[PDB]
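Inspection log for the structure reproduced underneath, given as structure tokens.
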Ligand SMILES: NC(=O)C1=CN([C@@H]2O[C@H](COP(=O)(O)OP(=O)(O)OC[C@H]3O[C@@H](n4cnc5c(N)ncnc54)[C@H](OP(=O)(O)O)[C@@H]3O)[C@@H](O)[C@H]2O)C=CC1
Ligand SMILES: [Zn+2]
């Protein structure tokens, strides 16, 4: 029942800590969307924001991992685990 | 700097317990720190120079006898004036008022040229004067 | 001048339907209990929401949270935006990226399927300001609206 | 400057000492207040009110604020002892006429717009 | 029917066409038993047993921050990037264009005045529509003082 | 709700409570407290009075400007009831008299006047009627007072079926005629009591509890058609109660067993007074009677009120009866009287 | 003129009268509602229009310093009358 | 004098007061921060709060000052200052037929020295300043409220204290006494924005930020 409803990716345009997620969105987000066409992947950038991934599951349950100073490979692993169980 | 028996104190000044303000009108109020906008009806700028502290407006109802505007908000008319934003935020903080302060909006400089009204090849030329 | 409408046709009290099928004033507790009873009997796609054009973000997020509590994701707006491709995922897909101040710096503007004069009067005023001083060039796809 | 001058107490322990002296004085005064003003309350009620008035300011950490609170408390005690206050003044600590205001979100939502 | 507050009766966040969040402040309170909208929804959630985790405007605004952080950056326009990602995602939908000409909903000024519920309840907007559609003698008023 | 009846403010004197109340019997003991509680929250109070207007002056500072309206009325005239009732959304019936007069007997004030008020209120379309009967009201009572109270309950429910009947026990307060009645027995030597008062058990209730309960019954949507018993928290044998009253007042307490027949003769002798009889046969009968227990009735705790004990509010009533010797004594110098329970 | 409400309440010159369900009418019971019966609009409507022979006329309300601030009224519109914005007196050019 | 409307300026008294201000500043450099003379010939001495007793005693006792009378002692609240309270001493010299103003400053938590030892008149003025502004005066013989009701909370003359305060009084018939309740106004005070958007006095124009 507790399937995944949506994910929110928060980041910053200039801060060096959001650079891995910026690279991930640049090179991997389009494939993630082609593989998950109905999943809301809401990418919201805001200045001086620590990178954070949100996952909203069934019945309003959300959990956020922190993506600060993540490499693009680490954000890819973090989204893979979220989107496929393990987390 | 002087013989006053300087005692170490924290830099979080809190005079809320001494102001005599009821507790409802400290935690639940929200003051606004701003430079008032210029009244668009006039072109005078002398009222947009100081910082203002205003409280959030509460309910005003109609008096059953005369139809007057009644209130139960003691701070409905309280308006403080400050020279800088920093003074206003310090005053709000030591009084324990939650605040939101907005940056002062000043007119941007503009390039005014009377001779543009008679331009040879620009749209700035006026059709009437 | 539309603040005149803020004094007319105003909703002032909670209303429910009487046994004759007509809207009648009632207490907040009664109406809210009716809605809550209907809320906790349906879930998922059985409960949905439509947001009008004058709704704040606080109410929007509150209603979204409430509908998510019953596992409903059908939180819609009246105004359609293309949800295909990126859809709403990228914020740049659905907003004025040049900003209102940015049309002054533009060399040429293209207007597609819009009447900015009545859709967004002050944005159109900025376009005319840049047309006047910056000699902005304007093109339009749509009706030859003035 | 970086530091400030004290009212009386150069430290928090001195402020606590004066607070305890004031609390002692108020606690001993309460029975005489109940008898003299012909209050319809009990001495336990009055001393619990004194304690609850003291407990409102328990969060204060500035020794100067504590000193001024002690000064105002001694002023109030002297108004009570010298019978400068009337019965109405002593009974104003107990808001007997004011109705119980709501506290939870729902009742406040029901009765009006105030947070 | 749940009577809510109009935009002049609440402190409320509105995001404009370029993306900057701005907040109103209440000028008056809602009339009668009308209430702030997020408070109506929070009360309904508590009555339903699904109480939302905010009892205050600051708390609902921090919730807004959790959902989309730009929604609390008042007066600031946050830049949004990845137009190229959106453009390469938009090329998979291969939908066609109708032959229908692009016609705006508002072609003349008479279509401007009456657009939302507040301006449909406005008698000034009605007078404006009447003056536009018929002429100058339609709406009359003695401006004699 | 009519637009002028929407509550506004914060529940203070200048607020609007949405209540428009006509308080019949507002110039009495119970009346001055419900009028005060209504004017506290900013209610529109209509005061029907038949007394000299000088006798209504204590009610004038009870509400904001315009919120207390005084109007002449005649208990034997339906037009006056209609006049004072037309614009109210709640009617409170508080008229009563512990003695019969040459113009108003118990049937008039407890049957005819309440039925007239209920029927006129129903016709005029007031949403709420609160009627104040007695706890001990009984169609086979030894008291004319209580028999008429039962008849009046019947008549009020017949005329106004949505009415809230409230049945208090012997209400005590600063001007109660219950604690002052027993404290006034020091003027005739000792305290005469039928069977020494060892067979009578009382459950008195505090006046502020009754008034707050009436207000809460007004505000409670589930009080229509309901009957409430407003009893106190403790039950007392009449001997123990009167002993405690005299101990608190500090007067010497020397009771003696006046029989029932001699006490009725005493009451008959007092009825001759044409100004507020000190006691009557009916009062003698109702004092000697025990309060009934009605566990099936909702009470002051079903309206959200904790009943105040006598041993908490008796000093504010009896400190006037103390001599100069004991005028400034604490409330706890007298231990609480023994309580009989169920 | 001063009219009557459907409830019988007298309607003032500002057009005020409580509706049939308004509890506030209880204030007038055993009393009266104070209404000034001289409606100024109907009174100024009764005054004639002066046929002054000029394009601009001046009006100070009569009585010189005891009237109102002196104002000048244009009388060029031949359909309307020029009326004083202080006291309501009307002026017009002779017979157009 | 062909200017019957303008107030006449008296330069002799201006010079005399200027010279005496220089004199006072020179004699007490330890406490005098600033001295100035108004256009209407009023001399003010701005001092450090520590110099209240020394400066006041000098002005009272010096044979060239002889300011024997304390005309007034009051406070002024200026919230935009960190030391919001401005303490004003108005002194009169009968011997030289002159007046002088002495001003210092304090905040909510710093005590000003009591000047009752200099002027016996200061006893009630300092109590009134404490009552209406909350300024503590150390070593005051009897400091307590003077003007406000017993048990009154707050200091009303502070600029952030509301005009009608927080509590009302009325007689309550249930409890048989006068009670205090949160203030409700049947007609709230109507705030007027009167200041003109145009500058009135160019000579007082503050330099731009
Ligand atoms: N007090 C108690 O212990 C108990 C009281 N009750 C009931 O509570 C209600 C109020 O009691 P309480 O306030 O103590 O009584 P009071 O006798 O003190 O007041 C009675 C009220 O009724 C009015 N009244 C009495 N007779 C008439 C009449 N013939 N015509 C017009 N008005 C009349 C009085 O007006 P005026 O003063 O002008 O005569 C007065 O306003 C009564 O219904 C009573 O029976 C029930 C149980 C116990
Ligand atoms: Zn005129």
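Just so you know, all these numbers are worked out from the coordinates, no wet-lab data involved. As a convention, Cβ positions derive from the backbone with ideal geometry for all residues, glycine included, and neighbour counts pool all protein chains shown.
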Point to revise | Identity of the residue in the range F:91-116, more than 18 Å from the chain's Cα centre (by Cα) and more than 10 Å from ligand 1 (Cβ to nearest atom), that ends up nearest to the other protein chains (Cβ to nearest Cβ) | key: F:116
Review point. Of all residues in the range E:8-20 being in contact (Cβ under 8 Å) with a residue 40 or more places away in the chain and either within 18 Å of residue C:52 (Cα to Cα) or more than 8 Å from chain C (Cβ to nearest Cβ) (or both), which is surrounded by the most Cβ atoms within 10 Å (Cβ to Cβ)?
Key: E:13
Check your understanding: Across the range F:186-201, what is the number of residues that are part of a helix (DSSP H, G or I) and in contact (Cβ under 8 Å) with a residue 24 or more places away in the chain?
Key -> 5
Study note, to complete from the structure: With criteria (1) more than 16 Å from ligand 1 (Cβ to nearest atom); (2) within 14 Å of another protein chain (Cβ to nearest Cβ), residue F:173 comes up short on (1)
Check your understanding: In the range H:52-113, which strands (runs of 3 or more DSSP E) lie fully inside it and hold 1 or more residues that are free of Cβ contacts under 8 Å to residues at least 40 places away in the same chain and more than 30 Å from residue D:9 (Cβ to Cβ)?
Key -> H:69-77, H:85-93
Check your understanding: In the range F:3-34, how many residues are in a helix (DSSP H, G or I) and within 15 Å of ligand 1 (Cβ to nearest atom)?
Key -> 6
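Being in a loop (DSSP other than H, G, I, E, B), surrounded by 17 or more Cβ atoms within 10 Å (Cβ to Cβ) and either facing chain C (nearest Cβ under 7 Å) or on the phi > 0 side of the Ramachandran plot (or both) narrows it down to one residue among E:71, E:102, E:33, E:89; which is it?
Among E:71, E:102, E:33, E:89, only E:33 is in a loop (DSSP other than H, G, I, E, B), surrounded by 17 or more Cβ atoms within 10 Å (Cβ to Cβ) and either facing chain C (nearest Cβ under 7 Å) or on the phi > 0 side of the Ramachandran plot (or both).
Go through C:36, C:2, C:86, C:31 for me and flag whichever is buried (at least 20 other Cβ atoms within 10 Å of the Cβ) and free of Cβ contacts under 8 Å to residues at least 12 places away in the same chain. Show your work before the answer.
Working: C:36 fails: buried (at least 20 other Cβ atoms within 10 Å of the Cβ); C:2 fails: buried (at least 20 other Cβ atoms within 10 Å of the Cβ); C:31 fails: free of Cβ contacts under 8 Å to residues at least 12 places away in the same chain.
Exactly one residue qualifies, and that residue is C:86.
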Check your understanding: Any idea how many residues of the range E:76-86 are in contact (Cβ under 8 Å) with a residue 40 or more places away in the chain, within 7 Å of another protein chain (Cβ to nearest Cβ) and either out of contact with any helix residue (DSSP H, G or I) (no Cβ under 6 Å at 6 or more places or on another chain) or exposed (fewer than 14 other Cβ atoms within 10 Å of the Cβ) (or both)?
Key -> 1
Revision key, fill the gap. Residues of the range A:1-27 being more than 10 Å from every other protein chain (Cβ to nearest Cβ) and more than 10 Å from the chain's Cα centre (by Cα), in sequence order, are A:4, A:15, A:16, A:17, A:18, A:19, A:20, A:23
Exercise for review: Return yes or no: is residue C:71 free of Cβ contacts under 8 Å to residues at least 12 places away in the same chain and within 7 Å of another protein chain (Cβ to nearest Cβ)?
Suggested key: no
**Study point:** Which listed residue, of C:127, C:100, is within 10 Å of another protein chain (Cβ to nearest Cβ), surrounded by 17 or more Cβ atoms within 10 Å (Cβ to Cβ) and touching a helix residue (DSSP H, G or I) at 6+ places or on another chain (Cβ under 7 Å)
**Key:** C:100
Check your understanding: Among all residue pairs at least 6 apart or on different chains, which show Cβ distances below 7 Å where the first residue, located in the range H:160-178, is within 14 Å of chain B (Cβ to nearest Cβ) and in contact (Cβ under 8 Å) with a residue 60 or more places away in the chain and the second is buried (at least 18 other Cβ atoms within 10 Å of the Cβ) and outside any loop (DSSP other than H, G, I, E, B)?
Key -> H:160/B:80
Check your understanding: Is it the case that some residue within the range F:73-94 is farther than 23 Å from residue F:159 by Cα and touching a residue at least 40 places away in the same chain (Cβ under 8 Å)?
Key -> no
**Study point:** Test: residue D:60 is farther than 30 Å from residue F:7 by Cα and within 9 Å of another protein chain (Cβ to nearest Cβ)
**Key:** yes
Review point. Of all the residues that make up the range H:177-190, how many are surrounded by 11 or more Cβ atoms within 10 Å (Cβ to Cβ) and in a loop (DSSP other than H, G, I, E, B)?
Key: 6
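One line per residue, one yes/no per condition, for (1) within 16 Å of ligand 2 (Cβ to nearest atom); (2) within 14 Å of chain F (Cβ to nearest Cβ):
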{"residue": "G:10", "(1), (2)": "no, no"}
{"residue": "G:19", "(1), (2)": "no, yes"}
{"residue": "G:27", "(1), (2)": "no, yes"}
{"residue": "G:42", "(1), (2)": "no, no"}
{"residue": "G:50", "(1), (2)": "yes, no"}
{"residue": "G:60", "(1), (2)": "yes, no"}
{"residue": "G:66", "(1), (2)": "yes, no"}
{"residue": "G:78", "(1), (2)": "no, no"}
{"residue": "G:85", "(1), (2)": "yes, no"}
Check your understanding: Any chance the range C:8-27 includes a residue that's out of contact with any strand residue (DSSP E or B) (no Cβ under 7 Å at 6 or more places or on another chain), in contact (Cβ under 8 Å) with a residue 24 or more places away in the chain and more than 9 Å from chain E (Cβ to nearest Cβ)?
Key -> no
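Select from the range F:151-177 the residues that are in a helix (DSSP H, G or I) and over 16 Å from the mean Cα position of the chain (by Cα) and write down the one among them that is surrounded by the fewest Cβ atoms within 10 Å (Cβ to Cβ).
Only one residue tops the list, namely F:158.
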Exercise for review: Sort out for me the strands (runs of 3 or more DSSP E) sitting completely within the range B:1-110 that have 2 or more residues that are facing another protein chain (nearest Cβ under 7 Å), touching a helix residue (DSSP H, G or I) at 6+ places or on another chain (Cβ under 7 Å) and surrounded by fewer than 15 Cβ atoms within 10 Å (Cβ to Cβ).
Suggested key: none
Point to revise | Pick from the range G:87-96, criterion more than 11 Å from ligand 2 (Cβ to nearest atom) and surrounded by 13 or more Cβ atoms within 10 Å (Cβ to Cβ), ranking: nearest to the other protein chains (Cβ to nearest Cβ) | key: G:92
Practice item. Report yes if residue D:28 is loosely packed, with under 15 Cβ neighbours inside 10 Å, under 29 Å from residue H:50 (Cα atoms) and away from chain B (no Cβ under 14 Å), otherwise no. Key: no
**Study point:** Test: residue in the range E:25-39 that is touching a residue at least 40 places away in the same chain (Cβ under 8 Å) and under 23 Å from the mean Cα position of the chain (by Cα)
**Key:** no
Point to revise | Failed criterion for residue F:126 (all others in (1) within 14 Å of another protein chain (Cβ to nearest Cβ); (2) touching a strand residue (DSSP E or B) at 6+ places or on another chain (Cβ under 6 Å); (3) within 13 Å of ligand 1 (Cβ to nearest atom) hold) | key: (3)
